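A.B. asks: My file is upload-v9.tsv. It has TSV, C-alpha atoms:
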```
chain	number	residue	atom	x	y	z
A	1	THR	CA	71.65	102.21	118.25
A	2	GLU	CA	75.21	101.14	117.41
A	3	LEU	CA	75.79	98.34	119.95
A	4	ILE	CA	74.90	95.54	117.51
A	5	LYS	CA	75.68	97.88	114.63
A	6	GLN	CA	79.35	97.55	115.59
A	7	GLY	CA	79.36	93.77	115.48
A	8	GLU	CA	78.25	94.53	111.95
A	9	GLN	CA	81.16	96.67	110.71
A	10	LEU	CA	83.29	94.20	112.61
A	11	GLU	CA	82.11	91.11	110.68
A	12	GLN	CA	82.37	93.17	107.49
A	13	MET	CA	86.06	93.35	108.42
A	14	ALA	CA	86.51	89.57	108.96
A	15	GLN	CA	85.15	89.15	105.44
A	16	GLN	CA	87.40	91.79	103.96
A	17	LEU	CA	90.26	89.83	105.44
A	18	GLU	CA	89.39	86.39	104.02
A	19	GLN	CA	88.57	88.20	100.77
A	20	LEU	CA	91.97	90.01	100.67
A	21	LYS	CA	93.83	86.81	101.53
A	22	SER	CA	92.19	85.78	98.28
A	23	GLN	CA	93.48	88.39	95.80
A	24	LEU	CA	96.91	87.97	97.34
A	25	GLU	CA	96.70	84.26	96.60
A	26	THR	CA	95.99	85.17	92.98
A	27	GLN	CA	98.69	87.83	92.77
A	28	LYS	CA	101.25	85.49	94.35
A	29	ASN	CA	100.38	82.76	91.87
A	30	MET	CA	99.99	85.03	88.87
A	31	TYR	CA	103.29	86.79	89.63
A	32	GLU	CA	104.97	83.38	89.81
A	33	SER	CA	103.47	82.70	86.41
A	34	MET	CA	105.49	85.50	84.87
A	35	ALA	CA	108.70	84.99	86.86
A	36	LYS	CA	108.65	81.53	85.24
A	37	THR	CA	108.11	82.52	81.57
A	38	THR	CA	109.80	85.90	81.12
A	39	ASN	CA	112.53	85.32	78.56
A	40	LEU	CA	113.52	88.90	79.36
A	41	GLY	CA	116.91	87.48	80.31
A	42	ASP	CA	117.47	87.12	76.56
A	43	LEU	CA	116.89	90.78	75.68
A	44	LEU	CA	119.33	92.67	77.89
A	45	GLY	CA	122.29	92.17	75.58
A	46	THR	CA	123.85	94.34	72.88
A	47	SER	CA	122.62	91.94	70.18
A	48	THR	CA	119.00	92.83	70.78
A	49	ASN	CA	119.15	96.60	71.47
A	50	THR	CA	117.58	97.30	68.07
A	51	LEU	CA	115.31	94.78	66.26
A	52	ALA	CA	112.54	96.22	68.45
A	53	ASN	CA	108.97	95.79	67.17
A	54	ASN	CA	105.98	97.23	69.05
A	55	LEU	CA	103.01	96.40	71.27
A	56	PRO	CA	102.96	98.86	74.21
A	57	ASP	CA	99.62	100.17	72.92
A	58	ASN	CA	97.53	103.17	74.01
A	59	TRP	CA	96.89	101.70	77.48
A	60	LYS	CA	100.38	103.06	78.35
A	61	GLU	CA	98.62	104.84	81.22
A	62	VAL	CA	98.95	101.49	82.94
A	63	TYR	CA	102.48	102.73	83.59
A	64	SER	CA	101.01	105.75	85.36
A	65	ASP	CA	98.72	103.75	87.67
A	66	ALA	CA	101.54	101.35	88.43
A	67	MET	CA	103.94	104.11	89.48
A	68	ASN	CA	101.15	106.03	91.22
A	69	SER	CA	100.29	103.23	93.65
A	70	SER	CA	100.80	104.67	97.13
A	71	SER	CA	101.77	101.15	98.32
A	72	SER	CA	102.49	97.61	97.12
A	73	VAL	CA	103.45	94.23	98.55
A	74	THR	CA	106.52	93.47	96.56
A	75	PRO	CA	108.98	96.39	96.07
A	76	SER	CA	107.10	99.37	94.61
A	77	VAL	CA	107.50	99.75	90.85
A	78	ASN	CA	107.58	103.39	91.91
A	79	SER	CA	111.14	103.15	93.19
A	80	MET	CA	112.22	100.80	90.45
A	81	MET	CA	112.06	103.56	87.83
A	82	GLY	CA	113.76	106.98	87.78
A	83	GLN	CA	110.56	109.04	87.40
A	84	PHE	CA	106.78	108.64	86.80
A	85	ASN	CA	106.75	110.98	83.78
A	86	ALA	CA	110.30	110.14	82.63
A	87	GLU	CA	108.50	107.80	80.23
A	88	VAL	CA	105.04	109.39	79.90
A	89	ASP	CA	107.15	112.24	78.51
A	90	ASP	CA	110.36	112.09	76.39
A	91	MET	CA	110.59	108.26	76.29
A	92	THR	CA	109.19	107.06	72.94
A	93	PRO	CA	107.23	103.78	72.80
A	94	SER	CA	109.57	100.82	72.24
A	95	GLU	CA	112.28	103.18	73.52
A	96	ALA	CA	110.51	103.21	76.90
A	97	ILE	CA	109.87	99.44	76.79
A	98	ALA	CA	113.58	98.75	76.72
A	99	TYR	CA	113.85	101.37	79.46
A	100	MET	CA	111.12	99.85	81.62
A	101	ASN	CA	112.56	96.38	81.00
A	102	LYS	CA	116.16	97.31	81.86
A	103	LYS	CA	115.00	98.67	85.25
A	104	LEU	CA	112.63	95.86	86.17
A	105	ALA	CA	115.49	93.47	85.45
A	106	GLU	CA	118.21	95.39	87.25
A	107	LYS	CA	115.91	95.70	90.28
A	108	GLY	CA	115.04	92.04	90.74
A	109	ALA	CA	111.41	92.48	89.78
A	110	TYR	CA	111.75	88.89	88.53
A	111	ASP	CA	113.48	87.44	91.59
A	112	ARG	CA	110.71	85.17	92.82
A	113	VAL	CA	112.36	84.09	96.05
A	114	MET	CA	112.31	87.70	97.25
A	115	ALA	CA	108.84	88.09	95.70
A	116	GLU	CA	107.56	85.05	97.63
A	117	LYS	CA	109.09	86.41	100.82
A	118	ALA	CA	107.09	89.63	100.53
A	119	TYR	CA	104.01	87.75	99.41
A	120	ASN	CA	104.16	85.26	102.27
A	121	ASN	CA	104.78	88.00	104.81
A	122	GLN	CA	101.56	89.81	103.81
A	123	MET	CA	99.65	86.54	103.78
A	124	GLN	CA	100.72	86.01	107.42
A	125	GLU	CA	99.89	89.58	108.41
A	126	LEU	CA	96.38	88.95	107.06
A	127	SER	CA	95.88	85.65	108.81
A	128	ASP	CA	96.97	87.41	111.95
A	129	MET	CA	94.61	90.33	111.49
A	130	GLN	CA	91.91	87.66	111.18
A	131	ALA	CA	92.69	85.97	114.48
A	132	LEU	CA	92.75	89.50	115.87
A	133	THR	CA	89.22	90.30	114.62
A	134	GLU	CA	88.02	87.22	116.43
A	135	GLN	CA	89.72	88.21	119.67
A	136	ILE	CA	88.23	91.71	119.40
A	137	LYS	CA	84.61	90.58	119.04
A	138	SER	CA	84.87	88.74	122.38
A	139	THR	CA	86.19	91.77	124.24
A	140	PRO	CA	85.15	94.64	121.92
A	141	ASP	CA	86.69	98.07	122.16
A	142	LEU	CA	86.44	101.21	120.05
A	143	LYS	CA	90.17	101.83	119.84
A	144	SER	CA	90.94	98.23	118.95
A	145	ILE	CA	88.34	98.30	116.22
A	146	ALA	CA	89.57	101.65	114.85
A	147	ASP	CA	93.17	100.50	114.73
A	148	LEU	CA	92.40	97.15	113.17
A	149	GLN	CA	90.30	99.09	110.65
A	150	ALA	CA	93.17	101.41	109.58
A	151	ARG	CA	95.46	98.41	109.73
A	152	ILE	CA	93.25	96.51	107.26
A	153	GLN	CA	92.97	99.56	105.04
A	154	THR	CA	96.75	99.62	104.72
A	155	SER	CA	96.84	96.07	103.39
A	156	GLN	CA	94.03	97.12	101.11
A	157	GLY	CA	96.30	99.65	99.44
A	158	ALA	CA	99.19	97.23	99.31
A	159	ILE	CA	97.17	94.51	97.58
A	160	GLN	CA	95.58	96.96	95.19
A	161	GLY	CA	98.85	98.77	94.48
A	162	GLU	CA	100.32	95.32	93.88
A	163	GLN	CA	97.81	94.78	91.04
A	164	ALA	CA	99.09	97.84	89.17
A	165	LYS	CA	102.70	96.54	89.33
A	166	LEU	CA	101.43	93.23	88.01
A	167	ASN	CA	99.39	94.66	85.13
A	168	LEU	CA	102.40	96.68	84.07
A	169	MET	CA	104.49	93.57	84.62
A	170	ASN	CA	102.12	91.53	82.47
A	171	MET	CA	101.89	94.22	79.81
A	172	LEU	CA	105.64	93.83	79.56
A	173	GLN	CA	105.56	90.03	79.23
A	174	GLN	CA	103.31	90.79	76.23
A	175	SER	CA	105.54	93.42	74.61
A	176	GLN	CA	108.36	90.98	75.54
A	177	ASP	CA	107.22	87.74	73.89
A	178	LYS	CA	106.61	89.94	70.82
A	179	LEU	CA	110.01	91.64	70.80
A	180	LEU	CA	111.35	88.06	71.07
A	181	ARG	CA	109.85	86.54	67.92
A	182	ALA	CA	110.91	89.82	66.30
A	183	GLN	CA	114.50	88.86	67.14
A	184	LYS	CA	114.04	85.52	65.36
A	185	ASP	CA	113.39	87.69	62.27
A	186	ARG	CA	115.96	86.43	59.75
A	187	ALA	CA	116.53	82.91	61.14
```
Let me see whether you can do it: turn the structure in this file into structure tokens.

C.D. replies:
Amino acid sequence: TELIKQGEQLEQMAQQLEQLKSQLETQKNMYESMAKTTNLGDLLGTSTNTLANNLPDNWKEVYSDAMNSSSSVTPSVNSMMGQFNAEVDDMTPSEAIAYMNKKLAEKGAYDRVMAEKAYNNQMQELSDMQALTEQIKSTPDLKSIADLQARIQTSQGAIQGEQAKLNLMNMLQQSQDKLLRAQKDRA
């Protein structure tokens, strides 16, 4: 009835794992992409404060998803800012960009060593949960399966929540490269 039906949900897990170890690989790489092409280090001075063009289009709900994320792999964008509506509210576009950029920068969002640490750690936790899955289906249990299941679900959230932080992070590299050429407006 559910004797072989368990070995089912179980394999479904083993897949989920190898499949999650996959997004993470992307995220890790993608993130590195940005941490290696930011330029944002040239927009935190007094000489740039103004000369601010625009590009943080309508999709500025991306900022909501990003801060909503219950979890993440690298430090939650949630705790990087001072409030989830602090921007969705008062903060005016371009006036929020500088805000969002100041925080990301002052909170090491672009420190890749520490990003890699977090990223690697989760990659290991996944590999481990894989080996575990094997071990389980070789001495099944209902508790073991339940735990491993919740365990996997946690990394689900992390990896997904990570995506939000990256989209936001990429939306900023966009509104950043822009604001940069805008600086070179005179020269």

A.B. asks: Tell me which protein, DNA and RNA residues are within 9 Å of residue 145 in chain A, counting all atoms listed in the file, leaving out same-chain ones fewer than 5 positions away, and put them as a ChimeraX atom specification.

C.D. replies: /A:10,133,136,140,150

A.B. asks: Got a sec: who's within 8 Å of range 119-129 of chain A, counting all atoms listed in the file, leaving out chain neighbours fewer than 4 positions off, as JSON, numbers by chain?

C.D. replies: {"A": [17, 20, 21, 24, 28, 73, 74, 115, 133, 148, 152, 155]}

A.B. asks: Kindly indicate which residue among A:154, A:39, A:92, A:68 lies nearest to residue 181 in chain A, using only C-alpha atoms for the distances.

C.D. replies: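 Counting only C-alpha atoms, the residue closest to residue 181 in chain A is A:39.
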
A.B. asks: Give me, please, the distance in Å between CA of residue 12 in chain A and CA of residue 142 in chain A, quoted to one decimal.

C.D. replies: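 About the pair CA of residue 12 in chain A and CA of residue 142 in chain A: they are 15.5 Å apart.
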
A.B. asks: Calculate how many Å separate CA of residue 162 in chain A from CA of residue 38 in chain A, rounding to one decimal.

C.D. replies: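 Result for CA of residue 162 in chain A versus CA of residue 38 in chain A: 18.5 Å, one decimal.
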
A.B. asks: Mind giving me the straight-line distance from CA of residue 31 in chain A to CA of residue 101 in chain A in Å, one decimal?

C.D. replies: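 CA of residue 101 in chain A lies 15.9 Å from CA of residue 31 in chain A.
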